[PDB]
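[1] Enclosed are the sequence and the experimentally obtained structure.
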Amino acid sequence: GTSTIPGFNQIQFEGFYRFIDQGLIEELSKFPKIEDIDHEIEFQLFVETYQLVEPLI
Amino acid sequence: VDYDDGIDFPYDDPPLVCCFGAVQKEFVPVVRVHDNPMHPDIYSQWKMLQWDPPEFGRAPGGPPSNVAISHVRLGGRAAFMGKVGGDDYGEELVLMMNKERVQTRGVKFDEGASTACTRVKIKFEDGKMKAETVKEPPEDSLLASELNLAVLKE
């Protein structure tokens, strides 16, 4: 955009890249750890190993 | 040297001008080092150096055929003195100058040479690559006996 007309879809393209590249972590890290009334069983998510799989179709 | 050449004539106005040298397409000769290079591959950025140029490139010159063409478009009359090869690129250069109404009677053809092609040999002196000229191009090989003296007289 400094010496040409930018691609008309660039705003959508950069925005979606930011969502995948940084947006997923900021929300997946706000997921609270789930503990029961008796605190016996605790569920948690290991966010560092999040993955995205290419569409099958 | 000795005498004249041609028939003396009233010599139509505007007065003729003669441009001597090599007829080339583009070819900026003045090359120095600039300290503000753009991306090496994305040539769409390179126009930014056209509007913030190096100082030596603010108004670049070129081959003498550029001056002859520009002079004719500004209303003058011009003739080009030089040599091109007998190949297809040589004809294209002459046809470019004939289209622009530049006189090309001073242009000599060399049927044994390739236009804008220099034969050079690559050497490796003191651990560095250098080249030396083996055969000059037709553009740089006009002889004195090949000068059109009618042009030089007018």
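    Ah, there it is. Numbers count the residues shown, from 1 in each chain, chains lettered A, B, ... in the order given.
[2] Tell me which other helices or strands the longest helix belonging to chain B touches.
    Of all segments of type helix in chain B, defined using DSSP state H, the longest is helix B:88-99. Applying 3 or more C-beta pairs under 8 Å, 6 or more residues apart in numbering or on different chains; DSSP states H and E, we find helix B:88-99 packed against helix B:64-73, strand B:77-85, strand B:107-110. Quick note: C-beta positions are derived from backbone N, CA and C, even for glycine.
[3] The same query, at a cut-off of 7 Å, please.
    Here helix B:88-99 touches strand B:77-85, going by 3 or more C-beta pairs under 7 Å, 6 or more residues apart in numbering or on different chains; DSSP states H and E.
[4] got the angle for the strand it packs on vs helix B:88-99?
    Angle between the axes of strand B:77-85 and helix B:88-99 is 170 degrees (criterion: axes from the mean of the first three to the mean of the last three C-alpha atoms, to 10 degrees).
[5] Using PDB, write down the CA coordinates of strand B:77-85.
    The C-alpha coordinates for strand B:77-85 follow below in PDB (Å, rounded to 0.1, in the frame of the first residue of the first chain):
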ATOM      1  CA  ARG B  77      15.600  18.500 -37.700                       C
ATOM      2  CA  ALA B  78      18.200  16.000 -36.800                       C
ATOM      3  CA  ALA B  79      20.400  13.300 -38.300                       C
ATOM      4  CA  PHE B  80      22.100  10.400 -36.500                       C
ATOM      5  CA  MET B  81      25.600   9.300 -37.300                       C
ATOM      6  CA  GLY B  82      26.500   5.800 -36.200                       C
ATOM      7  CA  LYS B  83      26.700   2.100 -37.100                       C
ATOM      8  CA  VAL B  84      24.300  -0.800 -36.400                       C
ATOM      9  CA  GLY B  85      24.500  -4.400 -37.400                       C
END
